[PDB]
Amino acid sequence: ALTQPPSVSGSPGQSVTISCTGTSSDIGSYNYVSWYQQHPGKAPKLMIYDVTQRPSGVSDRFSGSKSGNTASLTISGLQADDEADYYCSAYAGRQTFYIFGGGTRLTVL
Amino acid sequence: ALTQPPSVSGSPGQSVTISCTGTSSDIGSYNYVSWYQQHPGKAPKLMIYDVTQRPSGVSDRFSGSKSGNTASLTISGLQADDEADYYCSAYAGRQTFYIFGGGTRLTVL
Amino acid sequence: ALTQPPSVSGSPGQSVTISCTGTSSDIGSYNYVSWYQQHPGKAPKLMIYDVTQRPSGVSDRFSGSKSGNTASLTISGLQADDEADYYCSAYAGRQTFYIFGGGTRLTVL
Amino acid sequence: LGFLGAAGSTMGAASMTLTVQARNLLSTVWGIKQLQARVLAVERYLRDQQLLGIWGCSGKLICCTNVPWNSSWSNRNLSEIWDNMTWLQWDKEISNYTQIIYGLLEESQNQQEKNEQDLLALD
Amino acid sequence: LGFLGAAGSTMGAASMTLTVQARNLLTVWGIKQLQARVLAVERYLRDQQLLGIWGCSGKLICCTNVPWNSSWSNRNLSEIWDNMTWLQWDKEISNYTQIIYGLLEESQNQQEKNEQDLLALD
Amino acid sequence: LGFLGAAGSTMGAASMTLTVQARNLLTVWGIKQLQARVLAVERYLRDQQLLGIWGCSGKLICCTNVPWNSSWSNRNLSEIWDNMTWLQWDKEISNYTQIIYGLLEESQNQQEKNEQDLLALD
Amino acid sequence: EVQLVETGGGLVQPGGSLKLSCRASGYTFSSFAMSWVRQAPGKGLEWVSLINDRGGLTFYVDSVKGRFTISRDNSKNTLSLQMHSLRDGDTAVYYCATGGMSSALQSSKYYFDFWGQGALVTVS
Amino acid sequence: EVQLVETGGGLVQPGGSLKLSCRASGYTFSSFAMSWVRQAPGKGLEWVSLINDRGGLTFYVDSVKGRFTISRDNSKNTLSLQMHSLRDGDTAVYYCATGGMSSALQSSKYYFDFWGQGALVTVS
Amino acid sequence: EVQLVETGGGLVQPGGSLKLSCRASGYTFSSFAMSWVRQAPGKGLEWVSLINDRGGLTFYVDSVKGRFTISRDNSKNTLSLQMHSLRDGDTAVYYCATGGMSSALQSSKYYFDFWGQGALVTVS
Ligand SMILES: *[C@@H]1O[C@H](CO)[C@@H](O)[C@H](O)[C@H]1NC(C)=O
Ligand SMILES: *[C@@H]1O[C@H](CO)[C@@H](O)[C@H](O)[C@H]1NC(C)=O
Ligand SMILES: *[C@@H]1O[C@H](CO)[C@@H](O)[C@H](O)[C@H]1NC(C)=O
Ligand SMILES: *[C@@H]1O[C@H](CO)[C@@H](O)[C@H](O)[C@H]1NC(C)=O
Ligand SMILES: *[C@@H]1O[C@H](CO)[C@@H](O)[C@H](O)[C@H]1NC(C)=O
Ligand SMILES: *[C@@H]1O[C@H](CO)[C@@H](O)[C@H](O)[C@H]1NC(C)=O
Ligand SMILES: *[C@@H]1O[C@H](CO)[C@@H](O)[C@H](O)[C@H]1NC(C)=O
Ligand SMILES: *[C@@H]1O[C@H](CO)[C@@H](O)[C@H](O)[C@H]1NC(C)=O
Ligand SMILES: *[C@@H]1O[C@H](CO)[C@@H](O)[C@H](O)[C@H]1NC(C)=O
C-alpha cells in the first residue's frame, strides 16, 4: 500500500492539503498519480488524474501536486458536500500494476 | 510435494482408493499426473500414466482419475501381491518439472 | 561477500598465502578472480588479474592460483614494504558483477 | 544426401534436412527466355518469403504459431503424420484446406503483433 | 475491404488493413513487361532492406527508440489517430522523412552494438 | 564517411559503418542492363537467404554458437580488430570459408530444432 | 450519462466459484479498457484485474495471479469475471471500472473514470 | 527387451567428483528423452534431471542446478551423469529412467517408463 | 602514468542528492570502460556501478538501482555519477577505476586497471 495519514480535519473556508508518501518506484518512477473519493457506502468517483490535470466536470477547487516521492491533494474552502474518503493511487511497476493507499477521513469541523 | 496419506488400509473383497493432493498451479493447470507402485525391494513401475490412461502390461484393476486438486486411484478387488508403496507425480512447470509425493503403504489383511 | 582470513603474519625471506572462497557459481564457473592491495589510507592497486596473469611493473614475488571454489595468492620474499590490506575480487556473471571478502591484513616482521 | 534427398522419407527425417531445399530454391531471344525464367523464379521465392514474413515467421524455417488445429482438417494423431507418412501424401491431404490455414495464420499474427505493441505501450 | 480499402478512412481503421496492401506489391512487350516486373522487385527489395536496417524486418508494425522531435509535428495522439487520413499524414511530414530515416538507422546501429556487448558479457 | 570509405581503415573503424555499404549494395542495351540488374538482385538474395538460414536475418551483425578454432587463425583478438584490415582478413581466411559456412548452418539448424522442442515443452 | 449495470451478487462456499457480469452503456464500450477493483468492508480499495480494449491482453495482481480469469465481449458490451477456488478474504464489494490502460493509438490514461455500483461477494 | 543397468556409485567423500553410467538396451535409444530420479533410503522419490533425446537440452532440479551435469552419447548406448561437491544430501539410490519429455513431433510423454534397477551413492 | 582525479560533495543531508565527477588523462578514454567502486571508512571495498566505453550501457548493484545514475562524456574525457535520495550506507570513499568489461571487440578484462585517489562522501 501507500503511506498516508489515516485521517485529517479542517474547517469551512480554509484550504486543506493531504499528503501521499511513496517509495522510489512508486511515485518517483512515473508521474501518474490519481486521487479518487467515495462517500460512505457509495461507488468511488475520480477527483484528479495525473499530477495536475483535472477531469472535465470536476470543481476548480480540487488540485494536485507532486514533489520527490510524495504527492499532495489541495482543496479550497471546504463546502458541506466535500466529506468523503479519499484514496491515493499510482501506476508503479509493469508487473505490480496498481498499488493503492489507505483511508483518509477528512473530518470537516 | 503432494499431500498424500502415509498409509491406507484395505482388505480383500472390497475396493480401496488412494488420494494425492497438490496445488492448482501444478496439478490443476496441467493434465499430466503419473502414478507409480514401488515394491520395497524393487524399482518403481507405471500403473497409471496420465489421469486415466494405463500402460500396457497392467491389469484393469488399477484405475486412475483426477478432480480439482486431487488425483484418485482405485484398485478394485485387492490381492496380497499388490503390497507395494504408491507415489504420485505431475508436471509442475517449465521451472520445476516434476514434484513427487510421499509414500503410501497400503495393507492387505 | 567472499571469505578471507582476517590477518596473516610472516618474516622476510619466507612466503605466505591468502585464500578467498565463495559460492560455486562465481569462483568455480569463471576463472576471473583478481587481487588488490590497499596501503593504509591510500589508493588501492591491482596486484593480480584473471587467476595468474601479472600486471606490467609488478614483482615476480606476487603469484596466484585457483583450485575449485577457492583462489589463493602467494607472496614470497616479504621485503616488509607491502604492509598493506589485501582483497579478492571475483566476477559473478550478470546482475552480480564484482564481489569482495573480508579485508586481509598482511603483517611483516 | 543432396537435393530432395528425403523426397519419400518419413516426416521427421525430411524436416531435419530442410536447408538443402531452401538453398536450392535459388539457382538473343534466349536472352529474354533466361531473363523471364530467372525473374519468375525470383518472384516466386520472394512471394513465398513475404508470405512467411507476414506471419512473423521470416528469418526461420521451423516457425511456430498459435492457430488452434481444427481437427476437421485431419484427425490423424501425430504418430502417423510424423512417423508413418511422407510429405507428398500429407500435402495431398491438406490441399483442400491450406488456404484456410493461411487466413487463420494471418489473423493470428495480426492479433499477436497488435498485442505486442500494446504491451510495449506500457511505461 | 480490399486493396486500398481504407485509404480515405480514419488512421486506425487503416492501421489493421496493412496486410492486403503489403501483399499486393507483387520484343515490343516482353522487354517492357520484364522492365516493369524487375522495377517492382527492386522496389520491394529496397523497402525490405530499409526495414531490415531498422530491426523491423518481418513485422509490418514495429517500434523504435528515437524520441519524436515535436518540430516535425505537434499534433496530439487523438487528433492524428482519430481525425486524419494516411495521405494527409504523408503530406504533412514530407520534408522530415529523410531526417527520421537517418535517425532511425543511427538508433538501430547504437542499439545493435549495445546488444552485442551484452552478449559479450560472461 | 561514404561508400567503401573505411575499406583501408582499421577493422574496428569499419565495423561501425556497415549500413553505408549495405544500402549502396542495391534494344540489346536494355537486354544487358536487365541481365546485370537481375544478377545484382539475385546476388543480394543469395546473401539475404544465406543469412536467413544462419539465424541472422535482418541484422547486419550477428553472433552464433559455433566456436572458433585456433587452426583457422592463430591470431590475438587485438591484432584482428585494431591492427589488420578487412581485405587482408578476407584474403587470409579465403581457404577455410566453406567449412565455416557449413558448421554455422548446421549449428543454426540444431538451434532451430532445439527452440521448437523447447517451445512445445508444456 | 454513462451507466455500468453490475448484476454479480454473492453466495458461494469458500471452496466454490462464482461468475460476475458487468454491462456498460452510454459510451463506446469498445474503445476503453476495463478493470476490476475490490474494496473490503472497512479497508482501503484495491485493484483486482485489468483487460484491454480488444480483450486479447489481460493482467492480474499477485494475490489471484493464477486463479481469476476476466474476459470481455465487445459486440454485446459485457465484461465477464470468472473466479476460481476463492479465499475467505475475497469478501468485499467489487466495482467495474473503465480505464487503467489504453492502446498505443490512444493517449495514455492510467486511471479509472466511470465506476459502477459493483456487488458484494459473500463467502459461506 | 527394454532393460537398463547402472554402473558406478558407492562411497564418495564430499568434494570428489563422481559419475554414474546408465546403459540402456532393447529399444530405439535415440527416440526417448531421459530422467534421473533420486530415492533416499527412507524418503520418497524426487526428480533430479531431464535430458532430451538429441542430447542438446538439459534441465536439473533447482537444488543441484550448478553441481550436476547430464550427458548422452548416442553412438554407444550410454548415459553419463557426473556431479561434483556431493554434499550430505546426495546420499541415495539414483534411478536411470527413460521418458519425461518428447521431441514435440510425437505424442507427449511427460512421465518416465521402463525404470532401471538403480545404483546407490553414499557420502561419508 | 594515467592521472585519474575526482571531485564531489563530502557532506550532505539525508534525502538530498549529489554528483561525483571524474577526470582522466594519459590514454584513450574512449576505448576504456569505467567503474565506480566504494569502500566504507572501516570496512572493505564494494562495487557500485559499471559503465561501458561507448557510454550507452549501465550496470548497478541491486542496492541503488533506482537511486544512482552514471554517465560519461567521451570528448571531454570525463565521467559522472548522480546519486539521488542517498542513504547512510553510502557514506564511504568512492574510487573511479578503468576497466571492468571490454567492449566485445578487444581482450576481455574483468578487472579494475587504474585507481584514482578517491573522494569521501558523508551524509548527516
Ligand atoms: C524408404 O523406406 C524404407 C522403409 O524402411 C527405408 O529403407 C528407406 O530409408 C526409406 N527412405 C526414403 C529416402 O524414402
Ligand atoms: C473446423 O472446420 C470445420 C469444417 O472443416 C467447421 O465446420 C468447424 O466450425 C471448424 N471448427 C473450429 C474452427 O473450431
Ligand atoms: C494413432 O491412432 C491410430 C488410429 O487412428 C492408432 O492405431 C494408433 O495406435 C495411435 N497411436 C498413438 C501413438 O496414439
Ligand atoms: C467517412 O466519414 C464519415 C463522416 O462524414 C464517417 O462516419 C465514416 O465512417 C467515414 N468512412 C470511412 C470509410 O472512413
Ligand atoms: C516543407 O517545407 C515547405 C516550406 O516551409 C512547406 O511548404 C511544406 O509544406 C513542407 N512539407 C512538409 C513538412 O511535409
Ligand atoms: C590510415 O592509417 C593511419 C595509420 O597508419 C591512420 O592514422 C589513419 O587514420 C588511417 N586512415 C583511415 C582512413 O583509416
Ligand atoms: C580445427 O581445424 C583442424 C583442421 O581442419 C581440425 O583437425 C580440427 O578438428 C578443428 N577443430 C575444431 C574444434 O573445429
Ligand atoms: C597478442 O599476441 C601477440 C603475439 O606475439 C603478443 O605479442 C601480444 O602481446 C598479444 N597482444 C594482446 C593480448 O593485446
Ligand atoms: C589455400 O589453399 C592453397 C591451395 O591448396 C594452399 O596452397 C594455401 O596454403 C592455402 N592458403 C592459406 C592462406 O591457408
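Here, each number is a calculation from the coordinates, and none is a lab measurement. Cβ atoms come from the backbone with ideal geometry, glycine included; neighbour counts cover every protein chain shown.
Summed over region I:37-79, the residues that are under 22 Å from A:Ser29 (Cβ atoms) and touching a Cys at 6+ places or on another chain (Cβ under 7 Å) give a count of 0. The strands (runs of 3 or more DSSP E) found wholly in region B:1-101 and carrying at least 3 residues that are closer than 16 Å to H:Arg38 by Cα and within 12 Å of another protein chain (Cβ to nearest Cβ) occupy B:33-38, B:85-90. If you go through region F:7-56 and keep only what is assigned to a loop (DSSP other than H, G, I, E, B) and either under 25 Å from E:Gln48 (Cβ atoms) or within 16 Å of ligand 2 (Cβ to nearest atom) (or both), you end up with F:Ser15, F:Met16, F:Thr17, F:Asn24, F:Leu25, F:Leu26, F:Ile53, F:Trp54, F:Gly55, F:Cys56.
Within region H:99-111, residues that are farther than 8 Å from H:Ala33 by Cβ have Cβ atoms under 8 Å from residues that are of a type in the set (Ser, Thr, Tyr) and within 12 Å of ligand 3 (Cβ to nearest atom) in these pairs: H:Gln106/D:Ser79; H:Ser107/D:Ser79; H:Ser108/H:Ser102; H:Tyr110/H:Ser102, counting only partners at least 6 apart in sequence or on another chain. Among the residues of this structure, D:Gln89 does not count as one that is under 30 Å from F:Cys56 (Cβ atoms) and more than 16 Å from ligand 9 (Cβ to nearest atom). Counting only residues that are at the interface with another protein chain (Cβ under 9 Å from one of its Cβ atoms), under 21 Å from H:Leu105 (Cβ atoms) and not polar (S, T, N, Q), region H:34-52 holds 1 of them. Filtering region D:26-53 to residues that are more than 20 Å from D:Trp90 (Cβ to Cβ) and hydrophobic (A, V, I, L, M, F, W, C) leaves D:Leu26, D:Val29, D:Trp30, D:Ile32, D:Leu35, D:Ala37, D:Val39, D:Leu40, D:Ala41, D:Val42, D:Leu46.
Looking at this structure, is D:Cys64 loosely packed, with under 14 Cβ neighbours inside 10 Å, closer than 23 Å to F:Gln116 by Cβ and away from ligand 1 (no atom under 16 Å from the Cβ)? Working first, answer last.
Details: loosely packed, with under 14 Cβ neighbours inside 10 Å: yes; closer than 23 Å to F:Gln116 by Cβ: yes; away from ligand 1 (no atom under 16 Å from the Cβ): yes.
Against the criterion (loosely packed, with under 14 Cβ neighbours inside 10 Å, closer than 23 Å to F:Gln116 by Cβ and away from ligand 1 (no atom under 16 Å from the Cβ)), D:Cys64 qualifies.
Can you tell me which residue in region F:79-100 is nearest to ligand 7 (Cβ to nearest atom), limited to those that are of a type in the set (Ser, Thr, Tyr) and exposed (fewer than 14 other Cβ atoms within 10 Å of the Cβ)? Before you say what the answer is, go through the steps one by one.
Just the residues of region F:79-100 that are of a type in the set (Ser, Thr, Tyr), to begin with: F:85, F:94, F:96-97.
From what's left, exposed (fewer than 14 other Cβ atoms within 10 Å of the Cβ): F:94, F:96-97.
Working: F:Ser94: 15, F:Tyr96: 8, F:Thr97: 13 Å.
Looking at the filtered set, the residue picked out is F:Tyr96.
Can you spot a residue in region D:45-53 that is away from chain F (no Cβ under 14 Å) and within 16 Å of ligand 1 (Cβ to nearest atom)? No. Looking at region E:57-69, can you tell me whether even one residue there is surrounded by fewer than 16 Cβ atoms within 10 Å (Cβ to Cβ), hydroxyl-bearing (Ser, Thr, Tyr) and more than 9 Å from every other protein chain (Cβ to nearest Cβ)? Yes: region E:57-69 contains one or more residues that are surrounded by fewer than 16 Cβ atoms within 10 Å (Cβ to Cβ), hydroxyl-bearing (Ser, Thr, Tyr) and more than 9 Å from every other protein chain (Cβ to nearest Cβ). Pairs linking a residue in region I:7-20 that is among the basic types (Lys, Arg) to a residue that is part of a strand (DSSP E or B), with Cβ atoms under 8 Å and 6 or more positions apart or on different chains, are I:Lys19/I:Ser80; I:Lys19/I:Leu81; I:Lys19/I:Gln82; I:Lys19/I:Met83. Among the criteria (1) within 11 Å of chain F (Cβ to nearest Cβ); (2) surrounded by 12 or more Cβ atoms within 10 Å (Cβ to Cβ); (3) out of contact with any helix residue (DSSP H, G or I) (no Cβ under 7 Å at 6 or more places or on another chain); (4) among the charged types (D, E, K, R), the one E:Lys32 does not fulfil is (2).
Restricting attention to region E:19-37, the residues that are away from ligand 4 (no atom under 16 Å from the Cβ) and either among the aromatic types (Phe, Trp, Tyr) or more than 30 Å from D:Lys33 (Cα to Cα) (or both) total 2.
Every residue, every condition in (1) of a type in the set (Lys, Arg); (2) surrounded by fewer than 16 Cβ atoms within 10 Å (Cβ to Cβ), yes or no:
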{"residue": "C:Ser15", "(1), (2)": "no, yes"}
{"residue": "C:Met47", "(1), (2)": "no, no"}
{"residue": "C:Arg61", "(1), (2)": "yes, yes"}
{"residue": "C:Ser76", "(1), (2)": "no, yes"}
{"residue": "C:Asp82", "(1), (2)": "no, no"}
{"residue": "C:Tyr86", "(1), (2)": "no, no"}
{"residue": "C:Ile99", "(1), (2)": "no, no"}
{"residue": "C:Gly103", "(1), (2)": "no, no"}
{"residue": "C:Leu106", "(1), (2)": "no, no"}
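Every test in (1) under 30 Å from D:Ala14 (Cβ atoms); (2) at the interface with another protein chain (Cβ under 8 Å from one of its Cβ atoms); (3) acidic (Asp, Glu) is passed by F:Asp82 save one, and that test is (1).
For (1) among the charged types (D, E, K, R); (2) within 14 Å of chain F (Cβ to nearest Cβ), each residue gets a yes or a no:
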position	(1), (2)
H:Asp73	yes, no
H:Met83	no, no
H:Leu86	no, no
H:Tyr95	no, no
H:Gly100	no, yes
H:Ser103	no, yes
H:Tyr110	no, yes
H:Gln117	no, no
H:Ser124	no, no
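When restricted to residues that are within 14 Å of chain I (Cβ to nearest Cβ) and assigned to a helix (DSSP H, G or I), region E:97-122 contains 15.
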